[PDB]
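# An overview of the molecular structure
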Amino acid sequence: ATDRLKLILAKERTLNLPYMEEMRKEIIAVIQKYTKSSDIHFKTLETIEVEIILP
Amino acid sequence: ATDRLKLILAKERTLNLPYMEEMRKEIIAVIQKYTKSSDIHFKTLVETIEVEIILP
């Protein structure tokens, strides 16, 4: 009933981004207001994984 | 040394979104503020948009 988008943020388990999850955040703000997706799943794999589903 | 961070924006070939640019532009832009890197690389290969960033 609908197509889907996926943003995967990848990096090394080595780094310490004292601002990672915020980047993990603001970035989303950029996809929802442009894709208008109500449905979103973020989970970790280090590799954050955000799957969007559109309207 | 050599700290690689990379974003992948997966999409369908079908699905239009005549703007995988700005979507990108904004994601990139953000990224360029939080990591402040000046070494940015984006290749493009069920469409899959990758982007390597090596922070300073």
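Residues numbered from 1 in each chain as written, not as in the entry; some residues may be left out. Chains lettered and ligands numbered in written order. Heavy atoms only, no water.

### Comments concerning the overall build of chain B
- The number of helices and strands found in chain B is one helix and three strands.
- Start at the N end of chain B and walk to the C end: the helices and strands fall as β-α-β-β.
- Referenced to the eigenvectors of the C-alpha coordinate spread, the extents of chain B come out at roughly 40 × 20 × 10 Å.
- Taking all 56 residues of chain B together, the buried fraction comes to 39%.
- Carbon and sulfur atoms make up 52% of the accessible area of chain B, which amounts to about 3500 Å² in all. (Helix = DSSP H or I, 4+ residues; strand = E, 2+ residues; numbered from the N terminus. Buried < 20%, exposed > 50% of the residue type's maximum accessible area, 1.4 Å probe, protein only. Areas by Shrake-Rupley, 256 points an atom, 1.4 Å probe, with all protein chains shown as cover.)

### Considering the sheet that holds strand β3 (residues 48-54) of chain B
- One open sheet accounts for six strands, arranged β2(A)-β3(A)-β1(A)-β1(B)-β3(B)-β2(B); its pairing is antiparallel. Two strands in the sheet have a free side with no partner beyond their single neighbour: β2 (39-44) of chain A together with β2 (40-41) of chain B.
- Relative to β3 of chain B, β2 of chain B runs antiparallel, the two sharing two bridges. By the bridge assignment for β3 of chain B, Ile 40 of chain B is matched with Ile 53 of chain B.
- Where helix α1 (residues 20-35) of chain A meets the sheet, it contacts β1 (4-10), β2 and β3 (47-53) of chain A together with β1 (4-10) of chain B, and its direction lies at approximately 160° from that of β1 of chain A.
- On top of the sheet, helix α1 (residues 22-34) of chain B reaches β1 of chain A together with β1, β2 and β3 of chain B; it is set at about 160° to β1 of chain B, its chief contact. (Pairing = 2+ DSSP bridges. Contact = heavy atoms within 4.5 Å. Axes fitted to C-alpha atoms, helices over the stretch in contact; angles between N-to-C directions.)

### A word on the packing of α1 of chain A against α1 of chain B
- Relative to each other, α1 of chain A and α1 of chain B sit at 160°, their axes nearing to 10 Å. Taken together, the axes of α1 of chain A and α1 of chain B are roughly antiparallel relative to one another. Seen along the crossing, α1 of chain A lies across α1 of chain B with a hand that is right-handed. Contacts between α1 of chain A and α1 of chain B involve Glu 22, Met 23, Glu 26, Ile 27, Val 30, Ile 31, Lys 33, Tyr 34 and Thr 35 of chain A from the former and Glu 22, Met 23, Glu 26, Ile 27, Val 30, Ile 31 and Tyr 34 of chain B from the latter. (Parallel < 35°, antiparallel > 145°, perpendicular 65-115°, else oblique. Left-handed = near helix turned anticlockwise from the far one by under 90°.)

### Comments concerning the nonpolar core
- Counting 31 residues, the largest nonpolar core has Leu 9 and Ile 27 of chain A together with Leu 9 of chain B as the members making the most contacts within it.
- Every element with two or more residues in this core is listed here: β1, α1 and β3 of chain A together with β1, α1 and β3 of chain B. (Core = buried A, V, L, I, M, F, W, Y, C linked by side-chain atoms within 4.5 Å.)

### What to know about α1 of chain B
- Between the first and last C-alpha of α1 of chain B there are 18 Å, a value that for 13 residues agrees with the 18 Å anticipated at 1.5 Å per step.
- Restricting attention to buried positions, one finds in α1 of chain B the residues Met 23, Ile 27, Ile 28, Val 30, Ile 31 and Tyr 34 of chain B. Looking straight down α1 of chain B, one finds its buried side chains confined to an arc of 160°; they lie on one side.
- Elements that come into contact with the buried residues of α1 of chain B comprise β1 and α1 of chain A together with β1, β2 and β3 of chain B.
- The first or second residue beyond α1 of chain B is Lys 36 of chain B, which carries a positive phi of 60°. (Expected span 1.5 Å × (residues − 1). Arc of directions from axis to C-beta.)

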